[PDB]
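The block underneath contains the structure these notes are about, expressed in structure tokens.
No value in this document is a laboratory result; all are computed from the given coordinates. Backbone-built Cβ (ideal geometry, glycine too); neighbour counts: all protein chains shown.
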Amino acid sequence: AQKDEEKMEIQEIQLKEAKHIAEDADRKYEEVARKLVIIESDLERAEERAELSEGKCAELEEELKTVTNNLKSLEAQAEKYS
Amino acid sequence: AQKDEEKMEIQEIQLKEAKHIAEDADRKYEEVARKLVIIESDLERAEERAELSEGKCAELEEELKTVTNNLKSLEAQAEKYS
Amino acid sequence: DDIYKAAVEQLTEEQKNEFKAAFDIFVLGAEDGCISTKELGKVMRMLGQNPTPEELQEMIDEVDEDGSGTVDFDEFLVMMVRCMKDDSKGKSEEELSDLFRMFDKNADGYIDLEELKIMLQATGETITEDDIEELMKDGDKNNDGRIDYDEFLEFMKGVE
Amino acid sequence: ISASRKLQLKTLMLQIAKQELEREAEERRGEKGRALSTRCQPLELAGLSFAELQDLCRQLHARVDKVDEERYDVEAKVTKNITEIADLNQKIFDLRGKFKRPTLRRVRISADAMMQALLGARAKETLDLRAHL
Amino acid sequence: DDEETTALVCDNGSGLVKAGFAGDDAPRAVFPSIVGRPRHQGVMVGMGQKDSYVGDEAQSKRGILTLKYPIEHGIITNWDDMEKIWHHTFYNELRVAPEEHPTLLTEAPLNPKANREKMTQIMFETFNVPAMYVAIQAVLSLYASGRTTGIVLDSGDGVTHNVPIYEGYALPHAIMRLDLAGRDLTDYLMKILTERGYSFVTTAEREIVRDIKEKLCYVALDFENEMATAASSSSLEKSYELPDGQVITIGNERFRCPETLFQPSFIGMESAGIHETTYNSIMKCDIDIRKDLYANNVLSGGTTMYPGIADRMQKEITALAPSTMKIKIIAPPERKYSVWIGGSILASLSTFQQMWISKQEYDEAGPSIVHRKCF
Amino acid sequence: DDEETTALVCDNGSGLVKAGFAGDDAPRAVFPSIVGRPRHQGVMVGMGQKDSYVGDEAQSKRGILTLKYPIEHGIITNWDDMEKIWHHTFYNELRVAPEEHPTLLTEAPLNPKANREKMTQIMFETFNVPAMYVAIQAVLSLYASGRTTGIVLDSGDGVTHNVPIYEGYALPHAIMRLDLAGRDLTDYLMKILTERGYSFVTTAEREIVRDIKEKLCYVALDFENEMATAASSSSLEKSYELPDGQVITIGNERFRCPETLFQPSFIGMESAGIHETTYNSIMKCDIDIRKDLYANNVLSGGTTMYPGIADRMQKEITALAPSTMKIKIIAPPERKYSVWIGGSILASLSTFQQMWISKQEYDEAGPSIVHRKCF
Amino acid sequence: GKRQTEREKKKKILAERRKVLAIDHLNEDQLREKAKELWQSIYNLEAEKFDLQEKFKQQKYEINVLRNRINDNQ
């Protein structure tokens, strides 16, 4: 009987450890869930804004081309004036 | 002693269940870690490309400003020489 | 190909002990290899190997062709031996660099997918659906129109 | 989609690579031998007098000095080029593998199978307590 | 590989000794560094009672021992006990004789020279190792993250130090070492628990208070709001069962114990918290590498495992730093063993294989060799 | 391209090395000429840390380097560093071995002979070029404008020189070389920024002050009116973001930094500004070519890129010159690379193809060949 | 970097550090032996320069590969 009781105590401590494992696993998993969601949202927003900037940059390219051509014209006019 | 043996076997099956729950949690943990690593790498790339785009937009904007002002001045001078 | 049959011929008894333990675990008595998807992963993780859960999903999605869950022990043993990592780094990076130096007939700093096709044609082999398309597609995985040295390495990295 | 062709591709690539290796080795041996035969003229055991042989000796000494100057110049060039190649190898290492350096590591070899370690310790403690009684 | 042998990556630490062979993922044997002589008389004859239980054995017989740590704040104050700890680590926890293995100890920054010289003299004379090398505890933690830049805050149990590194070039003038660490938090928790009635005095009960701190305490995101909430509701009171029953209930002591890190005025220390010594350590650096250090702030060490610290620290630094810079705090899940993982990586490198202090070199220059080129 | 042989038009300069093959529109590789050894200790092993980062690589790691220009004022003060810069330029930025390409260096007027002789000796012995030729930096800038007369003011970063030329016949007695240039303006800006609280001292922060000067400073049309306006309103204060945040606001430092060009008494130099040394250089010329020089005043060099300088200089010269002459200031938009464009044009000419200093000629007369007929 | 040192080192290896010796002052048998020794040494040097040319070609291939890798990686 005493040997069996010793066995029981061992099983008790092992069950305790198992529940401990369960709790720590859950906590870490919830943490990583939070980080996952925040990272995903921020990634989405960052991609959106970067694409916006790209579009504006292309528009600026076209504007610059227009201005360059007009400056060429004015320069030719001025030199002929000279 | 008989009662104790009963409790011993019950705790034994409970311990096996505990071990299985532990392994399942472990696998979930590895999985979520993998996912988080991937998404964070994507975050790095997204932020960096955003920065590149923003810088280029800035530079093009400035150049546009300068050339536009020069063209305007030369236009005024063209009228003057008329 | 014949490599699976040869591996069956050279069955490593060290891994055969683990595979017979897997036999006993799966076969609960007069059982026809029902192929339990969770059992496959539990056995693979139990045997000390590091199976990617990607490969476990592969095993889930590529079994039981008869539709009744019964799978031949020959095929199951073949899958178990092959999915287990039995290779040594697939030659050396220096050897691969020397081979790529050999393969650069164009002498333009890299090789070409059609150059690989022509050279493999010179090897005197019949090309079929297993050949031709995916071989050249995966040679230039980044699809640059030419297979660079890094692409050459990544195509056959860790390959004997 | 499949990846079974990798094995036969491996076999064919290995065969053709070995063929290329042996072919280049044989061609290199042939070309170096013919180059040496064109540049290294074998000496003669007859046909030249003492004065002729000593004149040939001094002329060959001058020619050997010239070709050794050429060889030392090209050797210095090759040493500088190999130092530059090593420098570029370090440069590309910094460019690419600065992130890949911590990737190479071996872990999880021993503690992965220490499930019974606590059980073994408790068994030893129980054995000691039994020896006590 | 081939001939040759494996290196022993020991890491003395202060509170937990972590050791293992080079090239693995986790230390082989981790056990508290305490040596406790028995204090009562002892009446049973022939029980086989030893004169000093070290390591994890003295955490099970702690009811009748007087545990005393041999390392106070990074420095080693009791050399005989430290020698005993090392002997135990080599012979019983790893079972490898030191005559056939190089060793790689670790040392906090800005420590007294005599400590390091005595350490190398012991390793070469008593244990008689082939070659040993001493490395700063923060560079290893930077190795483990796989980075090459970044400012690492290694808040151990003895001492908290903050070493900034850029492109592999350490900045020796920007190391800010602060002596608040886990042990002072344990003492402060043991001191504020007395406000509810629980008195822990014995050096054995310090371990119980340490367990309470590990399992229950957490760092509050905002201190005043938490103090107000814990004083009205009762959703925070978590209970804990002592080693004999009589459960205890911890109220707002939960987030007040680790708050000492960000307000060292609680334990009477003058200096600023770990949230402001990092910003000061950054501002001492050059003006062109501050963005990279802002973006690659690394956490390590045991005490940085409190739930919710990687957000409080980021909020504080974002408050201090300029609004444009991005503040990112790297908090790997394997924080506790980060230093040892980095040590394993460093010992496994081929380029590092000629930096060891070979024994013949020590025989020619004495223990003062460590300060020389072989750092 | 293909057969044949192209010339390398290098242009050492002082501050930016500009190089490229002859016959193009713009230099292929433009990068600062700085060589910076690391200054801290370095703790990471195997990081692949070099002993000297040159060119544009040292403008990214400048946080832990000590950048030092190898060319002070036109002249070269540190020959080993200059050799390193040339080696980098040939092998890594152009990737063409010099054994198969003629080179066309450029040199400021009135420079020491030993500098030029050492330059040709290096190019012929170390890099072993087939043939090299040294040309005065102002004649090229006159080539690029497509003129054949005119007085060119080439205000570089090292030295400002003013070479008048008529009908292709240079006037050697009318060259006025002044040593105020962009570097002194950077130092003066760094010195007047201290009046608001911003202190830049490190040799790395000189680059930040240079960026401030490039992006913000402008030349005032009338100095006193601007000084009065900036002291009453606040329409001039433009802000700028440092490499780490903490934006700064530049007030009347904007037009006071480049004003030093027209009043060299600000930095203690005795001589007259660039507005009066041009008029003096003209007045030394003969009485019959002064009208043409007045009408064809050419600007070149980097430092003449300040917004609003082509009007201030014209106003000043019109004040000095007789009222009847027409004053015109040629300021092409491609001012910075004007010298290199002219160098490309000169190297692409067929008539010039026999002026190179062939190697056999150097072998017969030594490095002193450069002062001889092959100028 | 003290290019004078580079030039003097090259000159020394040209005329001093190498096996410089006038040898045509020996008896017939000994002169023939020394001529054979010098011929074998120069045969070794010719093999050396062949290997130098080969490795220079291989290193040119390697630097081309490095340039291609840099271009595709940036």
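The table that follows gives values for the structure above.
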quantity: Three-way shape label, chain F, alpha-carbon gyration tensor, a/c 1.5; calculated: oblate
quantity: Amide H partners (placed H, <5 Å) of residue E:12, local residues excluded; calculated: E:106
quantity: Sites residue D:126 and residue D:1, calculated FRET efficiency, Cβ-Cβ separation with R0 60 Å, nearest 0.05; calculated: 0.60
quantity: Label point distance in nm, residue F:68-residue E:177, each placed 7 Å from Cα along Cα→Cβ; calculated: 3.3
quantity: Candidate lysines for bridging to residue C:141, where Cα separation is under 20 Å - those fewer than 8 sequence places away on the same chain excluded; calculated: C:117, C:157, D:6, D:10
quantity: Only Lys, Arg (+1) and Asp, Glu (-1) charged, at Cβ; segment C:2-83 dipole about Cα centre in debye; calculated: 420
quantity: GluC sites (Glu not before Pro) within segment C:4-102, DSSP loop, no more than 11 other Cβ atoms inside 10 Å; calculated: C:31, C:62, C:65
quantity: Segment D:37-129: trypsin sites (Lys or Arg not before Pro) falling in loop per DSSP and having at most 16 other Cβ within 10 Å; calculated: D:98, D:100, D:105, D:106, D:108
quantity: Quarter of Cα convex hull surface for segment C:2-83, i.e. mean projection, nm²; calculated: 5.6
quantity: Kirkwood Rh, Cα atoms: Rg over Rh of segment C:95-160; calculated: 0.94
quantity: Inter-part distance where segment F:164-239 and segment C:79-125 are each reduced to a Cα centre, Å; calculated: 61
quantity: Projected label distance in nm at residue E:56 and residue F:235, using a 7 Å step from Cα toward the beta-carbon; calculated: 7.9
quantity: GNM flexibility winner over chain E from E:331, E:319, E:144 (Cα, springs under 10 Å); calculated: E:319
quantity: Unit charges at the beta carbon, dipole of the protein assembly as shown: most positive-side option, F:128, F:306, C:6; calculated: F:306
quantity: Hits among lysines - C-alpha to C-alpha of residue G:11 under 17 Å, sequence gap 8 or more where chains match; calculated: D:66, D:77, D:80, G:2, G:19
quantity: Packing-based ranking, highest mean first, of E:5-15, C:105-115 given that Cβ atoms within 10 Å are counted; calculated: E:5-15, C:105-115
quantity: Set B:72/F:215; C:137/G:60; A:35/E:68; F:191/F:326; E:113/E:284 screened for pairs whose C-alpha atoms are more than 32 Å apart; calculated: A:35/E:68; F:191/F:326
quantity: Computed label-point distance, nm, for sites residue D:100 and residue B:13 using a 7 Å Cα→Cβ extension; calculated: 5.5
quantity: Under 5 Å, built H, 5+ apart or other chain: amide partners of residue E:151; calculated: E:165, E:296, E:297, E:298
quantity: Other-copy label distances relative to residue F:240, 7 angstrom Cα-Cβ extension, nm; calculated: 5.6
quantity: Separation of alpha-carbon centers, segment D:61-133 and segment E:1-16, rounded to whole Å; calculated: 16
quantity: 20 Å reach of a label modelled at residue F:288, 7 Å along Cα-to-Cβ, counting backbone N of segment F:146-183; calculated: F:148-151, F:164-174
quantity: Estimated FRET transfer efficiency (residue A:45, residue E:319; beta-carbon r; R0 22 Å; 0.05); calculated: 0.50
quantity: Percent of beta bridges antiparallel (DSSP, the protein assembly as shown, rounded to nearest 5); calculated: 70
quantity: For residue B:42, inter-copy label distances in nm, listed shortest first [label point 7 Å out on the Cα-Cβ vector]; calculated: 1.5
quantity: Near-label residues of segment D:17-37 by backbone N, under 12 Å of a point 7 Å along Cα→Cβ of residue C:105; calculated: D:20
quantity: Span from the segment F:268-309 Cα centroid across to the segment F:105-126 one, whole angstrom; calculated: 27
quantity: Exposure rule at most 11 other beta-carbon atoms within 10 Å, DSSP loop GluC sites (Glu not before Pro): chain E longest free segment; calculated: E:5-269
quantity: Residue pairs, from the table B:19/C:38; B:80/F:336; A:7/C:38, whose Cα atoms sit over 23 Å apart; calculated: B:80/F:336; A:7/C:38
quantity: Loop sites in segment D:1-101: GluC sites (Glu not before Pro), DSSP, at most 11 other Cβ within 10 Å; calculated: D:44
quantity: Per-q log10 I(q)/I(0), the protein assembly as shown, q = 0.09 Å⁻¹ (Debye; single scatterer per alpha-carbon; no solvent); calculated: -1.39
quantity: Copies compared at residue E:349 - label distances in nm, ascending, label defined 7 Å from Cα in the Cβ direction; calculated: 5.7
quantity: Average partner coverage of D:14-21, which counts Cβ from other chains inside 10 Å; calculated: 5
